[PDB]
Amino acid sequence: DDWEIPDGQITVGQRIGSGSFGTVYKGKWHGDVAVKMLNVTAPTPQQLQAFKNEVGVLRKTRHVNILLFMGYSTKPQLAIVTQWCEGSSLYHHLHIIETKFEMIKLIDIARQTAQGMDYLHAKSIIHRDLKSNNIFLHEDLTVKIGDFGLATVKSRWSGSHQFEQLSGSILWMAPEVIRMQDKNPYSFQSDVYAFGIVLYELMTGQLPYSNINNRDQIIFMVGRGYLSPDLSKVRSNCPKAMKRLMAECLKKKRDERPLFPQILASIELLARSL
């Protein structure tokens, strides 16, 4: 009930890359793990206790579509140890390797994603950073979602307060999240919005706003409700019941978006009618 890895236990190896809130190295620790060196290297004791409290809840998560959260360390610097995944992320497949899946397997990717998300929300866990970068395709089969939760090692702390400096990639952020002016922006429906964008990735093979090449323009227009994913770009072979679902997740007003229990049901229903 005090999950803390000491020093000399983790064989830190090759540098892999950095993201919204840390840099990732391939380590060893009773097998290959993922060592994410958080960007809050000097954490305040009020911050540090809330991080411990959150790791406690992430440690009690076990689901076929969730990446195993193993614990943390603080000896060299504050870090995170999670299951290492072979094979590329869904972002790699769709936008780098340009893998050619069939609509069956595309829909299957959507289903297991909604499966794991439903488990996370069932345990009252807001992902806060759902994107195709955080969805790995383990052995070209099962979907595994990582980088979930961790609200406390995102956004610097003052001394006892915390205010999410909007960080992450802006393409998956719900408009209410963009604006950051609604007390608690990150919600179950903000994840649903993110999941909507991932649907857009699956169904169009493109990222959203393909014609816009100004980061701050997206931020402003999406936040003001002026910009919305051009659903015209959906492939011709894509199911109608699929396009409709995508659109219900992307509603500008978060209260109109469905929750995952209903979202997951729709995907299984249209998986049959195929």
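Definition used throughout: the rigid core is the maximal C-alpha set that superposes within 1.5 Å between two forms. One rule holds for the numbers: they count along the sequence shown, beginning at 1.
Larger average C-alpha displacement in 4 other deposited structures of this protein, relative to the shown form after a rigid core fit, is seen for 4-12 when comparing 4-12 with 265-273. Remark: when the other structures in 4 other deposited structures of this protein are fitted onto this one via the rigid core, 77-85 deviates more than the alternative among 123-131 and 77-85, judged by RMS CA distance. In the other compared entries of this protein that model both flanking residues, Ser18 lacks coordinates in at least a third of them. In this entry, 42-50 shows the higher mean Cα temperature factor of the pair 201-209 and 42-50.
Higher mean CA temperature factor, per the PDB entry, when comparing 172-180 with 77-85: 77-85. Of all the options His63, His30, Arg215, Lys36, the entry's greatest CA B-factor is assigned to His30. Going by the entry's values, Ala241 shows the largest Cα B-factor out of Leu67, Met221, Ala241, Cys249. Among the modelled residues of the chain, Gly146 sits in the lowest third by CA temperature factor in this PDB entry. In this PDB entry, the Cα temperature factor of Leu227 sits in the bottom third of its chain's modelled residues, the lowest group. Among the modelled residues of its chain, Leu166 has a C-alpha B-factor that falls in the highest third, as given in the PDB entry. Placement of the Cα temperature factor of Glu98 within the chain: lowest third of the modelled residues, per the deposited record. In the deposited entry, the Cα temperature factor of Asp129 sits in the bottom third of values across the chain's modelled residues.
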